[PDB]
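J.: For reference, the file data.txt (compact mmCIF, C-alpha atoms) is included below:
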# COMPACT_ATOMS: atom_id res chain seq x y z
CA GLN A 189 121.59 58.71 91.68
CA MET A 190 119.01 57.60 89.11
CA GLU A 191 117.30 55.90 92.08
CA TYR A 192 117.70 58.99 94.23
CA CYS A 193 116.00 60.88 91.41
CA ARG A 194 112.75 59.03 91.86
CA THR A 195 111.84 61.40 94.73
CA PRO A 196 112.54 65.19 94.35
CA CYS A 197 113.89 67.58 97.02
CA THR A 198 111.51 69.74 99.06
CA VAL A 199 111.33 73.44 100.02
CA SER A 200 108.87 75.43 102.18
CA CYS A 201 109.13 79.02 100.88
CA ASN A 202 106.87 81.22 103.01
CA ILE A 203 106.51 84.35 100.83
CA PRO A 204 107.15 87.30 103.20
CA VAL A 205 104.60 90.12 103.67
CA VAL A 206 106.20 93.14 101.98
CA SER A 207 106.08 93.19 98.17
CA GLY A 208 107.02 95.79 95.54
CA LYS A 209 108.00 96.41 91.92
CA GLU A 210 111.68 95.52 92.44
CA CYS A 211 114.04 94.58 95.29
CA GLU A 212 114.73 98.32 95.52
CA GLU A 213 111.20 99.36 96.53
CA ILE A 214 111.25 96.43 98.96
CA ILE A 215 114.17 97.89 100.91
CA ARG A 216 112.51 101.31 101.10
CA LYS A 217 109.28 99.49 101.99
CA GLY A 218 110.94 98.48 105.27
CA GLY A 219 112.27 95.09 104.09
CA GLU A 220 115.81 94.92 105.43
CA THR A 221 117.31 91.42 105.42
CA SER A 222 118.50 89.17 102.58
CA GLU A 223 115.99 86.46 101.64
CA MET A 224 113.46 85.56 98.95
CA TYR A 225 110.69 88.04 98.12
CA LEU A 226 107.98 88.24 95.51
CA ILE A 227 108.05 91.27 93.20
CA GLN A 228 105.87 92.72 90.44
CA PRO A 229 107.28 95.24 87.92
CA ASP A 230 104.28 96.13 85.75
CA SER A 231 100.62 95.41 86.52
CA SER A 232 100.03 93.34 83.35
CA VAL A 233 102.75 90.94 84.58
CA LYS A 234 102.17 87.96 86.86
CA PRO A 235 104.29 88.38 90.04
CA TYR A 236 107.37 86.20 90.56
CA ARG A 237 109.87 85.30 93.28
CA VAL A 238 113.43 86.62 93.65
CA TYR A 239 116.28 86.75 96.15
CA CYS A 240 117.16 90.30 97.20
CA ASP A 241 120.57 91.19 98.53
CA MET A 242 120.05 93.84 101.17
CA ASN A 243 123.31 93.46 103.16
CA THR A 244 125.60 94.08 100.12
CA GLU A 245 126.51 97.77 99.79
CA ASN A 246 123.13 99.45 100.29
CA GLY A 247 120.65 96.66 99.49
CA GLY A 248 117.99 96.78 96.79
CA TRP A 249 119.89 94.12 94.88
CA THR A 250 117.79 92.00 92.49
CA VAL A 251 119.90 88.82 92.06
CA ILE A 252 119.38 87.54 88.50
CA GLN A 253 122.02 84.83 88.28
CA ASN A 254 123.84 82.88 90.98
CA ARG A 255 126.42 80.03 91.28
CA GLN A 256 127.99 78.40 94.36
CA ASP A 257 127.85 74.55 94.21
CA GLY A 258 126.88 73.67 90.62
CA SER A 259 123.60 72.36 92.08
CA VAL A 260 121.81 73.32 88.85
CA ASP A 261 122.40 72.41 85.20
CA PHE A 262 122.98 75.42 82.91
CA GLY A 263 123.43 73.50 79.64
CA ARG A 264 119.89 74.37 78.59
CA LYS A 265 118.12 75.24 75.35
CA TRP A 266 116.73 78.66 74.32
CA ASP A 267 113.32 78.28 75.94
CA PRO A 268 114.40 77.37 79.50
CA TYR A 269 116.72 80.43 79.27
CA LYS A 270 113.76 82.57 78.11
CA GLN A 271 111.62 81.44 81.10
CA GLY A 272 114.30 81.24 83.79
CA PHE A 273 115.33 78.18 85.81
CA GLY A 274 116.69 76.83 89.09
CA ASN A 275 116.22 77.37 92.81
CA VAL A 276 115.53 80.94 93.99
CA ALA A 277 116.28 80.26 97.67
CA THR A 278 116.51 77.39 100.20
CA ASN A 279 115.15 76.85 103.74
CA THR A 280 118.03 78.11 105.87
CA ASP A 281 118.76 75.39 108.48
CA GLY A 282 115.76 75.10 110.86
CA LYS A 283 113.72 78.16 109.88
CA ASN A 284 110.43 78.83 108.03
CA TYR A 285 111.82 81.44 105.60
CA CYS A 286 114.19 80.65 102.75
CA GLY A 287 117.27 82.60 103.94
CA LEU A 288 120.05 81.08 101.78
CA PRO A 289 119.96 81.56 97.98
CA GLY A 290 120.08 78.83 95.35
CA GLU A 291 121.72 78.66 91.93
CA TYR A 292 119.48 80.14 89.24
CA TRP A 293 119.07 82.27 86.18
CA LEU A 294 116.08 84.58 86.59
CA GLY A 295 115.22 84.20 82.90
CA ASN A 296 115.37 86.41 79.85
CA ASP A 297 112.00 88.09 79.23
CA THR B 142 105.19 73.52 99.34
CA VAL B 143 103.99 77.14 99.45
CA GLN B 144 101.78 77.84 96.41
CA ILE B 145 99.39 80.48 95.05
CA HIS B 146 95.86 79.96 93.69
CA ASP B 147 94.67 81.39 90.37
CA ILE B 148 91.50 83.05 91.73
CA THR B 149 91.40 86.86 92.01
CA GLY B 150 88.87 89.19 93.71
CA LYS B 151 88.21 92.28 95.81
CA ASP B 152 88.62 90.57 99.21
CA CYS B 153 88.86 86.99 100.52
CA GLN B 154 85.09 86.97 100.10
CA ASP B 155 84.87 87.69 96.35
CA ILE B 156 87.29 84.77 95.99
CA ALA B 157 84.91 82.36 97.80
CA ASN B 158 81.92 83.76 95.89
CA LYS B 159 83.75 83.14 92.59
CA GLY B 160 84.52 79.48 93.27
CA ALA B 161 87.15 79.05 96.01
CA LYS B 162 87.35 76.45 98.81
CA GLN B 163 90.82 76.25 100.42
CA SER B 164 92.32 78.06 103.42
CA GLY B 165 95.28 79.59 101.57
CA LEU B 166 97.14 82.40 99.85
CA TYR B 167 95.60 84.45 97.01
CA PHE B 168 95.90 87.78 95.21
CA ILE B 169 93.21 90.43 95.85
CA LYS B 170 92.78 93.83 94.19
CA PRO B 171 90.41 96.29 95.97
CA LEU B 172 88.87 99.01 93.74
CA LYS B 173 91.16 101.94 94.60
CA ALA B 174 94.45 100.02 95.13
CA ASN B 175 96.96 100.41 92.29
CA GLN B 176 98.64 97.00 92.26
CA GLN B 177 97.22 93.63 93.44
CA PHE B 178 98.67 92.10 96.62
CA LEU B 179 98.94 88.83 98.56
CA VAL B 180 96.72 87.76 101.48
CA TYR B 181 96.15 84.63 103.56
CA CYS B 182 92.46 83.79 103.09
CA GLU B 183 90.58 81.52 105.50
CA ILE B 184 87.61 79.69 104.03
CA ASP B 185 85.36 77.37 106.04
CA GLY B 186 82.85 74.91 104.55
CA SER B 187 80.31 77.74 104.37
CA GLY B 188 81.42 80.29 101.76
CA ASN B 189 82.94 82.79 104.17
CA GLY B 190 85.96 84.76 102.92
CA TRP B 191 88.07 85.82 105.88
CA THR B 192 90.83 88.24 104.91
CA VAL B 193 93.23 87.71 107.83
CA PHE B 194 95.63 90.56 108.68
CA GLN B 195 97.28 89.65 111.99
CA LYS B 196 98.70 86.57 113.71
CA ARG B 197 100.90 85.54 116.63
CA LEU B 198 102.09 81.95 117.23
CA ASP B 199 105.58 81.35 118.60
CA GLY B 200 107.72 84.51 118.85
CA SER B 201 109.71 84.25 115.59
CA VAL B 202 108.74 87.56 113.95
CA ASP B 203 109.29 90.61 116.19
CA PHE B 204 106.67 93.38 116.12
CA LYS B 205 108.85 96.24 117.42
CA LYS B 206 108.78 98.04 114.04
CA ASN B 207 108.87 101.53 112.45
CA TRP B 208 106.12 103.56 110.76
CA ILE B 209 106.91 102.57 107.16
CA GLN B 210 107.04 98.90 108.20
CA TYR B 211 103.50 98.84 109.66
CA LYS B 212 102.45 100.95 106.71
CA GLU B 213 103.68 98.35 104.21
CA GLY B 214 103.64 95.12 106.24
CA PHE B 215 106.10 92.73 107.84
CA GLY B 216 106.44 88.96 108.37
CA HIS B 217 105.62 85.91 106.21
CA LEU B 218 102.40 84.40 104.79
CA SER B 219 102.14 80.59 105.17
CA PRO B 220 99.34 78.74 103.30
CA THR B 221 99.05 76.64 106.46
CA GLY B 222 98.85 79.77 108.66
CA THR B 223 101.87 78.62 110.72
CA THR B 224 103.63 82.01 110.38
CA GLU B 225 103.30 85.24 112.42
CA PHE B 226 102.73 88.53 110.48
CA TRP B 227 101.34 92.08 110.11
CA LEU B 228 99.62 92.70 106.74
CA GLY B 229 100.19 96.46 106.63
CA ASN B 230 97.90 99.39 107.35
CA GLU B 231 97.69 100.75 103.83
CA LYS B 232 96.25 97.34 102.92
CA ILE B 233 93.80 97.11 105.83
CA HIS B 234 92.61 100.61 104.93
CA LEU B 235 92.29 99.70 101.24
CA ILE B 236 90.30 96.53 101.88
CA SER B 237 87.92 97.61 104.67
CA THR B 238 87.18 101.08 103.33
CA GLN B 239 85.62 100.12 100.00
CA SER B 240 82.13 101.62 99.98
CA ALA B 241 78.59 100.17 99.80
CA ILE B 242 79.51 97.34 102.21
CA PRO B 243 81.12 97.52 105.68
CA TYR B 244 83.41 94.88 107.18
CA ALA B 245 83.64 93.44 110.66
CA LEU B 246 86.80 92.59 112.58
CA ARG B 247 87.04 89.29 114.33
CA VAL B 248 89.75 89.06 116.91
CA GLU B 249 90.38 85.38 117.71
CA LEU B 250 92.33 84.30 120.79
CA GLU B 251 94.12 81.37 122.47
CA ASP B 252 96.19 80.67 125.57
CA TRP B 253 98.82 78.36 127.07
CA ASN B 254 95.87 76.45 128.58
CA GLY B 255 94.14 75.39 125.36
CA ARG B 256 91.10 77.67 125.70
CA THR B 257 89.85 79.65 122.68
CA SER B 258 87.74 82.84 122.78
CA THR B 259 86.36 85.24 120.13
CA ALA B 260 85.29 88.93 120.11
CA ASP B 261 83.59 90.84 117.26
CA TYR B 262 83.35 94.50 116.18
CA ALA B 263 81.05 96.12 113.62
CA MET B 264 81.35 98.51 110.63
CA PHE B 265 85.15 98.31 110.60
CA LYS B 266 87.45 100.84 108.94
CA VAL B 267 91.03 102.10 108.98
CA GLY B 268 91.48 105.76 108.01
CA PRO B 269 94.00 106.92 105.37
CA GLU B 270 97.62 107.70 106.22
CA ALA B 271 96.32 111.25 106.02
CA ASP B 272 94.23 110.53 109.16
CA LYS B 273 97.26 108.59 110.56
CA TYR B 274 95.49 105.24 110.06
CA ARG B 275 92.52 105.58 112.44
CA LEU B 276 90.55 102.73 114.02
CA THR B 277 86.77 103.24 113.72
CA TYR B 278 84.11 100.58 114.42
CA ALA B 279 80.36 101.03 115.06
CA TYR B 280 79.87 98.63 118.00
CA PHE B 281 81.20 95.60 119.86
CA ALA B 282 79.05 92.73 118.58
CA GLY B 283 79.56 90.08 121.28
CA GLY B 284 81.98 87.25 121.97
CA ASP B 285 83.30 85.49 125.08
CA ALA B 286 86.55 87.53 124.95
CA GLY B 287 84.89 90.89 125.67
CA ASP B 288 84.89 94.49 124.42
CA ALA B 289 88.45 95.62 125.29
CA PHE B 290 88.20 98.47 122.77
CA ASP B 291 85.72 100.07 125.16
CA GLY B 292 88.35 100.76 127.85
CA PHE B 293 88.95 99.06 131.19
CA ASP B 294 89.49 100.17 134.79
CA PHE B 295 92.75 98.50 135.83
CA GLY B 296 94.31 99.78 139.06
CA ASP B 297 93.37 102.87 141.04
CA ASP B 298 92.56 105.63 138.52
CA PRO B 299 88.87 106.53 137.83
CA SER B 300 89.23 107.79 134.22
CA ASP B 301 91.79 105.19 133.06
CA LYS B 302 88.83 103.42 131.43
CA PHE B 303 88.41 106.60 129.39
CA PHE B 304 92.19 106.53 128.76
CA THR B 305 92.24 102.96 127.36
CA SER B 306 89.21 103.27 125.05
CA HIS B 307 90.42 102.44 121.55
CA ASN B 308 87.64 103.28 119.08
CA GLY B 309 88.86 106.50 117.43
CA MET B 310 92.62 106.07 117.87
CA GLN B 311 95.31 106.77 115.26
CA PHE B 312 98.20 104.35 114.75
CA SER B 313 101.33 105.19 116.74
CA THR B 314 104.84 103.79 116.28
CA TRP B 315 108.00 104.94 118.11
CA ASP B 316 109.02 107.14 115.10
CA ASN B 317 105.48 108.54 114.69
CA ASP B 318 103.86 109.35 118.06
CA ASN B 319 100.15 110.05 117.59
CA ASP B 320 99.01 108.61 120.93
CA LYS B 321 97.62 110.89 123.67
CA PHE B 322 100.54 110.53 126.11
CA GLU B 323 103.25 112.80 127.54
CA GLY B 324 105.80 110.15 126.52
CA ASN B 325 105.66 107.54 123.76
CA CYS B 326 103.38 104.50 124.28
CA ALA B 327 104.97 102.65 121.35
CA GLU B 328 108.48 102.90 122.81
CA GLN B 329 107.99 101.84 126.47
CA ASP B 330 106.44 98.62 125.09
CA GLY B 331 108.49 98.29 121.90
CA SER B 332 105.58 97.77 119.49
CA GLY B 333 103.01 99.33 117.12
CA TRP B 334 99.30 99.71 117.84
CA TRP B 335 96.48 102.24 118.11
CA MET B 336 97.72 103.48 121.48
CA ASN B 337 95.82 105.88 123.76
CA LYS B 338 97.37 106.17 127.26
CA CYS B 339 98.10 103.43 126.73
CA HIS B 340 96.02 100.32 125.93
CA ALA B 341 93.35 97.82 126.95
CA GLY B 342 94.01 95.75 123.81
CA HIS B 343 97.51 95.00 122.52
CA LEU B 344 97.72 92.28 119.88
CA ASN B 345 101.06 93.57 118.56
CA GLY B 346 102.98 93.16 121.80
CA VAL B 347 106.21 91.53 122.94
CA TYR B 348 105.58 87.76 122.80
CA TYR B 349 106.28 85.78 125.95
CA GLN B 350 107.16 82.09 126.03
CA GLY B 351 104.93 80.54 128.70
CA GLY B 352 102.35 83.32 129.03
CA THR B 353 102.62 84.64 132.59
CA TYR B 354 105.14 87.39 133.46
CA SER B 355 105.59 90.52 135.63
CA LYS B 356 107.40 93.88 135.88
CA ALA B 357 110.76 92.20 136.56
CA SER B 358 110.57 90.57 133.11
CA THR B 359 111.82 93.81 131.49
CA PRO B 360 113.98 96.82 132.55
CA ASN B 361 110.97 99.15 132.12
CA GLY B 362 108.48 97.06 134.10
CA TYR B 363 105.58 97.69 131.72
CA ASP B 364 103.04 95.36 130.06
CA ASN B 365 104.66 95.19 126.61
CA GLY B 366 103.16 91.72 126.04
CA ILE B 367 100.15 90.61 124.01
CA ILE B 368 97.14 91.40 126.23
CA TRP B 369 93.35 91.90 126.07
CA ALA B 370 91.99 92.62 129.54
CA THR B 371 88.30 91.78 128.97
CA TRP B 372 89.29 88.09 128.86
CA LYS B 373 92.56 87.83 130.85
CA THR B 374 94.93 89.40 133.39
CA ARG B 375 97.43 92.00 132.10
CA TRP B 376 100.25 89.75 133.28
CA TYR B 377 99.37 86.92 130.89
CA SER B 378 100.37 87.07 127.21
CA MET B 379 98.47 84.98 124.63
CA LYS B 380 99.92 81.91 122.91
CA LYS B 381 98.09 82.50 119.62
CA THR B 382 96.09 85.49 118.32
CA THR B 383 94.33 86.51 115.10
CA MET B 384 92.50 89.39 113.43
CA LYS B 385 90.39 88.91 110.35
CA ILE B 386 87.61 90.81 108.56
CA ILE B 387 84.57 89.99 106.42
CA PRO B 388 81.64 91.70 104.63
CA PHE B 389 78.94 92.11 107.26
CA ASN B 390 76.07 90.33 105.47
CA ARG B 391 78.12 87.15 105.98
CA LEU B 392 77.39 87.49 109.72
The structure in this file should be written as structure tokens.

T.:
Amino acid sequence: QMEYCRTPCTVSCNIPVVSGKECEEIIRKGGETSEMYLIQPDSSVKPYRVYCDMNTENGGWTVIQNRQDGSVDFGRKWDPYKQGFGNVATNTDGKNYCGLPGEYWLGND
Amino acid sequence: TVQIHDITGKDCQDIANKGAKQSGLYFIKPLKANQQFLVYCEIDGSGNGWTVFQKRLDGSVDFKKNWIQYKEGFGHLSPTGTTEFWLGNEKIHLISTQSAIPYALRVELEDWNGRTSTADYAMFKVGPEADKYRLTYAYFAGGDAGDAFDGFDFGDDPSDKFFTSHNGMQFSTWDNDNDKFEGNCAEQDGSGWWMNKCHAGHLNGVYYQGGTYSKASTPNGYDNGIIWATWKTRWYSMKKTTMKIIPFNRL
């Protein structure tokens, strides 16, 4: 594995058109399937990515933690928890948009 | 792979004037817009900042969409431009309609033959949602594709050329009919454009794999596909398409 970890894994995350403040706006704003989106709460904040659940209940779901295969280490110090960490989504099979989600913690701040 | 550059500006231009160089994705904030948004720039080795706002490529993204979708935008923005998309009318409007400097639309085109043709239009604007997002240019400015926005006589009718003229049309989607037709232009084609009765230009059409088709290709029998008569037959849908804009002095 140490040899495998010479060359990192690759993702092609084509940020979709429709943005917003939160995954909520984004569903109202005509975005209506579950994938990765960029969002911006306040204007003085740099935008960031996030995986919105739209199918679950009534959509508008801003996923802020996920687990499903342990694929990411969580035994982290204060700072990585403050900034967030892990994969937001992953290229679903043979498509150009990241449809499946990845294990992450969207970060504290 | 997909990344975002740290250069801001009012349009893809102000980016290139500030220091840019790479055909890619950036954040622009036009004067009157409340919160900065993401566009796919297109810089050549010249200094030209082309804010792109439409693309077709393969058929992946489907353009049969509702009012609030076209208002806000739908599709995905590759920094290699390999992805279909509509940027969203509120954005178009916000970019183009900043004063003291008019833009100019460039439609670009391509076929399943390899040939590439352009067509230009002057003093470009899209009118507020108030005005139902209205297309208003000054003049066709040349290009081997042809002025399709100045109508076209198709079959038998004499004033169908008057009925397919596009300058001065409001945007019309199935759930917001603003086209001048007894029925709904947006619905018989399953798309969203500045329809009249109906169209001579239709960049947001139903993609076709191969290009050539007919009436028997759909239950309706209409020309839902991506067409632009001044360059091609109505029964031939483009492989690729584009629509970008740029401050006029750069022309």

J.: Go ahead and fit an axis-aligned box to every listed atom of region 246-249 of chain B plus 3 Å each side, and pass me the centre and edge lengths in Å, one decimal, as JSON.

T.:
{"center_x": 88.6, "center_y": 89.0, "center_z": 115.1, "size_x": 9.6, "size_y": 13.2, "size_z": 11.1}

J.: From the list A:292, A:193, A:204, A:234, which residue is nearest residue 259 (chain A) when using all atoms listed in the file?

T.: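 Under the stated criterion, the closest residue is A:292.
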
J.: Residue 360 (chain B): which residues within 12 Å, counting all atoms listed in the file, same-chain residues fewer than 5 positions away excluded, as a PyMOL selection string?

T.: chain B and resi 329-330+355+365

J.: So which residues touch region 269-272 of chain A within 7 Å, counting only C-alpha atoms, skipping near sequence neighbours fewer than 4 positions away, as a CSV table (one decimal) with C-alpha atoms, keeping the file's coordinate frame?

T.:
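part.csv was written with the following content:
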chain,number,residue,atom,x,y,z
A,264,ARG,CA,119.9,74.4,78.6
A,265,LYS,CA,118.1,75.2,75.4
A,293,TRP,CA,119.1,82.3,86.2
A,294,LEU,CA,116.1,84.6,86.6
A,295,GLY,CA,115.2,84.2,82.9
A,296,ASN,CA,115.4,86.4,79.8
A,297,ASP,CA,112.0,88.1,79.2

J.: Select all residues near (120.8, 89.1, 102.8) (cut-off 10 Å, inclusive, file coordinates), counting only C-alpha atoms, and output them as a PDB file with C-alpha atoms, keeping the file's coordinate frame.

T.:
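New file out_5.pdb:
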ATOM      1  CA  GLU A 220     115.810  94.920 105.430  1.00  0.00           C
ATOM      2  CA  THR A 221     117.310  91.420 105.420  1.00  0.00           C
ATOM      3  CA  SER A 222     118.500  89.170 102.580  1.00  0.00           C
ATOM      4  CA  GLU A 223     115.990  86.460 101.640  1.00  0.00           C
ATOM      5  CA  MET A 224     113.460  85.560  98.950  1.00  0.00           C
ATOM      6  CA  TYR A 239     116.280  86.750  96.150  1.00  0.00           C
ATOM      7  CA  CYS A 240     117.160  90.300  97.200  1.00  0.00           C
ATOM      8  CA  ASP A 241     120.570  91.190  98.530  1.00  0.00           C
ATOM      9  CA  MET A 242     120.050  93.840 101.170  1.00  0.00           C
ATOM     10  CA  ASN A 243     123.310  93.460 103.160  1.00  0.00           C
ATOM     11  CA  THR A 244     125.600  94.080 100.120  1.00  0.00           C
ATOM     12  CA  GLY A 247     120.650  96.660  99.490  1.00  0.00           C
ATOM     13  CA  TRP A 249     119.890  94.120  94.880  1.00  0.00           C
ATOM     14  CA  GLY A 287     117.270  82.600 103.940  1.00  0.00           C
ATOM     15  CA  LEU A 288     120.050  81.080 101.780  1.00  0.00           C
ATOM     16  CA  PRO A 289     119.960  81.560  97.980  1.00  0.00           C
TER      17      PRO A 289
END

J.: If you count all atoms listed in the file, which residues fall within 9 Å of residue 206 (chain A), apart from same-chain ones fewer than 6 positions away, as a list in words?

T.: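 Answer for this query is residues 214, 217, 218, 219, 225 and 226 of chain A; 210, 213, 214, 215, 216, 217, 228 and 229 of chain B.
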
J.: Residues of region 172-239 of chain B that approach region 376-389 of chain B to 9 Å or less, counting all atoms listed in the file: could you list each one with the shortest pair of atoms and its distance in Å to one decimal, rows by chain and increasing residue number, as JSON lines?

T.:
{"residue": "B:183", "atom": "CA", "partner": "B:385", "partner_atom": "CA", "distance": 8.8}
{"residue": "B:189", "atom": "CA", "partner": "B:387", "partner_atom": "CA", "distance": 7.7}
{"residue": "B:190", "atom": "CA", "partner": "B:387", "partner_atom": "CA", "distance": 6.4}
{"residue": "B:191", "atom": "CA", "partner": "B:387", "partner_atom": "CA", "distance": 5.5}
{"residue": "B:192", "atom": "CA", "partner": "B:385", "partner_atom": "CA", "distance": 5.5}
{"residue": "B:193", "atom": "CA", "partner": "B:385", "partner_atom": "CA", "distance": 4.0}
{"residue": "B:194", "atom": "CA", "partner": "B:385", "partner_atom": "CA", "distance": 5.7}
{"residue": "B:195", "atom": "CA", "partner": "B:384", "partner_atom": "CA", "distance": 5.0}
{"residue": "B:196", "atom": "CA", "partner": "B:383", "partner_atom": "CA", "distance": 4.6}
{"residue": "B:197", "atom": "CA", "partner": "B:382", "partner_atom": "CA", "distance": 5.1}
{"residue": "B:198", "atom": "CA", "partner": "B:381", "partner_atom": "CA", "distance": 4.7}
{"residue": "B:199", "atom": "CA", "partner": "B:380", "partner_atom": "CA", "distance": 7.1}
{"residue": "B:237", "atom": "CA", "partner": "B:386", "partner_atom": "CA", "distance": 7.8}

J.: Give me, as a ChimeraX atom specification, the contact residues of chain A against chain B at a cut-off of 9 Å, counting only C-alpha atoms.

T.: /A:198-207,216-219,228,230-231,284-285

J.: So the first atom is CA of residue 170 (chain B) and the second is CA of residue 150 (chain B); what is the distance between them in Å, to one decimal place?

T.: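 Distance between the two atoms: 6.1 Å.
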
J.: In Å to one decimal, how far is CA of residue 205 (chain B) from CA of residue 368 (chain B)?

T.: 15.4 Å

J.: Interatomic distance between CA of residue 356 (chain B) and CA of residue 310 (chain B)?

T.: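 Separating CA of residue 356 (chain B) from CA of residue 310 (chain B) is a distance of 26.3 Å.
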